[PDB]
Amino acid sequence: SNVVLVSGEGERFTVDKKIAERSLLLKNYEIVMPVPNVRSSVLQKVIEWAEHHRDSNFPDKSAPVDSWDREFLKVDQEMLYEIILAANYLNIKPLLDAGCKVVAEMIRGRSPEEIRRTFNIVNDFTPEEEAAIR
């Protein structure tokens, strides 16, 4: 018993109904649900997470990220970003959680410059808002 999920780049993904039901948006109510504005390469990776986790339960500091979830999320930041987006859109809370934990792992321990370099963000503090420091 399958379902098909169409990504935003127009590719069809066939996956098992119960595995797709990991998505609550999916769950809620042959059968072909669209995934608007979600790069086919992104939805792939979601489905991959979902199949890997077919027999995982999760709860409702926190449960640290699964050793597998950590590799599967060792990606470039734009993939990281769209996946977090995707799990938000699809309401796959355990995935949004993991995603967020990894981003937090990027900030952890770092300094302000360190951080900025880590995301290519622009320091737009005035000399006087800069030096304001506690």
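Throughout, we count residues from 1 along the sequence that is shown.
Unmodelled residues of the deposited sequence between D60 and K61: 4 to 9. Set 120-128 against 7-15 and average the Cα temperature factors; 120-128 ends up higher. The stretch 36-44 shows the higher mean C-alpha B-factor when 36-44 is compared against 94-102 in the entry. Per the deposited record, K27 carries the highest C-alpha B-factor of all listed residues (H52, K74, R108, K27). Among the modelled residues of the chain, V65 sits in the middle third by CA temperature factor in this PDB entry. Among the modelled residues of its chain, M79 has a C-alpha B-factor that falls in the middle third, as given in the PDB entry.
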